[PDB]
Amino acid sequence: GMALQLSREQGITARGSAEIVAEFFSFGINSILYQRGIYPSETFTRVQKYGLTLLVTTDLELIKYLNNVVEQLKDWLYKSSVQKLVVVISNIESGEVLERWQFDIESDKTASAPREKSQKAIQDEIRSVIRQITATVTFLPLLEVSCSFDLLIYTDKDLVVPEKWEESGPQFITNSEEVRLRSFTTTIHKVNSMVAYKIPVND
């Protein structure tokens, strides 16, 4: 007679996309911090995500810091207010900017009914991007200096700056080359990934 179905959220909503992208950044930032030795290897634990074994921090302060960033990102991503996220890697002793992991975000401001793209398909794309973050490091110059990180979120100039957040300098890098990574999309957001790395000197 009449076909009924118990509602089961399939596809992607603007909220779902924001969730997905913010989560990707949490895992991506964790991978970069581990791969560039920002935090010691023993401060990371193995976890399953996107069909991969990924390393995520156990450091209490870093967990809270990154969680705070991810929560804020979801809000701004839903609003289509994030233009890019950059993980700046600098020589801890000199402050020299050595790498800039740049994630340019494109948004569908019209995002309404849920979009027809499976979570699986999206995870498949993210999986390749995450693998490429680790793969890319094997092609960069050997890093043999202790470094620090800065996480910069570039937003629409008109956004309200929440408490605890601050307008920061751009942390310009110079004498760099780039490695373009695979992009991924939820159909609502598209995340482009690339790393700008400084060419060292023959000293």
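Quick note: we count residues from 1 along the sequence shown, nothing fancier.
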> Counting only residues from the deposited sequence, how many are left out of the model between residue 111 and residue 112 (none, 1 to 3, 4 to 9, 10 or more)?
Replying inline: 1 to 3
> Out of 112-120 and 89-97, which one has CA B-factors that are higher on average in the deposited record?
Replying inline: 112-120
> Out of 20-28 and 5-13, which one has CA B-factors that are higher on average in the deposited record?
Replying inline: 5-13
> Between 136, 155, 175, 148, where does the Cα B-factor run highest in the record?
Replying inline: 155
> Lowest, middle or highest third of the chain for the C-alpha temperature factor of residue 180?
Replying inline: highest
> residue 132: which third of its chain by C-alpha temperature factor?
Replying inline: middle
>> Sorting by Cα B-factor within the chain, modelled residues only, which third would residue 63 end up in: lowest, middle or highest?
In response: lowest
>> Going by the CA temperature factor in the PDB record, which third of the chain does residue 125 belong to: lowest, middle or highest?
In response: lowest
> Hey, what third does residue 159 fall into on Cα B-factor, ranked over its chain?
Replying inline: highest
